[PDB]
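This document opens with one chain alone, in structure tokens, the form deposited in one PDB entry.
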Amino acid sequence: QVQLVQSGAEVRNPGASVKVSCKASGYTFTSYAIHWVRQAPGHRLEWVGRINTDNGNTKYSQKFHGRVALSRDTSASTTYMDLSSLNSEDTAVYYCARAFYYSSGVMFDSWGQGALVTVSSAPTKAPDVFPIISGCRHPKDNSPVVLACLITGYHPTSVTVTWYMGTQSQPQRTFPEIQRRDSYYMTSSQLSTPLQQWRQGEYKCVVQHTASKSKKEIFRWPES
């Protein structure tokens, strides 16, 4: 089938540049032009530019003041977007899309999955993760015990959390991420089902932060 697959998320300092790729498959690469469209937070979709996959002709949006360049590798069936002199308004998801010419017009019939480019001066940092608990860990008083993990001090977004009892994934409750004054983020994840008693190490929260190439697991809630 027709599908476009893009490269992963990126972080850049202001004034730097970024290259995103878009690999095409399932059709004759040079027979259809490809467009790039971005979507910044709190903004509508915005057309970036077009590239002819055959001869390489490009047409750019004037809003970018020549800061953008599009290219294609026909042998690789891949197009590329270079955005230089990055600023905070360039933080956005960047999509590629295939142009389809019908009887009396053109539309974008297939879209890549998107690549989030974050422009920031804050350094990338893995999260600290703390086991938090409501109910005293070893409750005498028959109150239910709720387990959660407090995830703080990371940048950029986002983190992915999964819970396990032994080897089985467990249902969780997710929450928004919030940005602190220092520009770093903070979030929590809660084990959905309350517990009564469990062996030390039975449950664990796994916090993945792909930007920092890190994964941290907490599998012990100590006595307080």
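Heads up, when I say rigid core I mean the largest set of C-alphas that superpose within 1.5 Å between the two forms. Heads up: residue numbers just count along the shown sequence, starting at 1.
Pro139, present in the displayed chain, goes without coordinates in a third or more of the other PDB entries compared that cover both sides of it. Stretches 5-13 and 196-204 differ in mean C-alpha B factor, with the higher average recorded for 196-204. Stretches compared: 207-215, 16-24. Higher mean C-alpha B-factor in the entry: 16-24. When the C-alpha B factors of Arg38, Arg173, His35, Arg181 are read from the deposited coordinates, the top value falls at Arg181. Taking the PDB entry at face value, the top CA B factor among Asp141, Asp109, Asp90, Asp128 belongs to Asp141. Annotation for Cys136: C-alpha temperature factor in the highest third relative to the rest of the modelled chain, per the entry. Among all modelled residues in this chain, the alpha-carbon of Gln113 has a temperature factor (C-alpha) in the lowest third. Looking at the C-alpha B-factors along this chain, the one for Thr167 belongs to the highest third.
Among the modelled residues of its chain, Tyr94 has a C-alpha B-factor that falls in the lowest third, as given in the PDB entry. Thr53 sits in the middle third of its chain by CA B factor, as recorded in the PDB entry.
Beyond the structure shown, there is the form deposited in another entry, which is absent from this document and is the topic of what follows.
Annotation: Cα of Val129 displaced by at least 2 Å between this form and the one not shown, core superposition. Core-aligned CA deviation for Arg180 between this form and the one not shown: 2 Å or greater. Compared with the form shown here, the Cα atoms of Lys63 and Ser183 move at least 3 Å farther apart in the other entry. Between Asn13 and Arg181, the Cα distance is greater in the other entry than in this structure, by no less than 3 angstroms.
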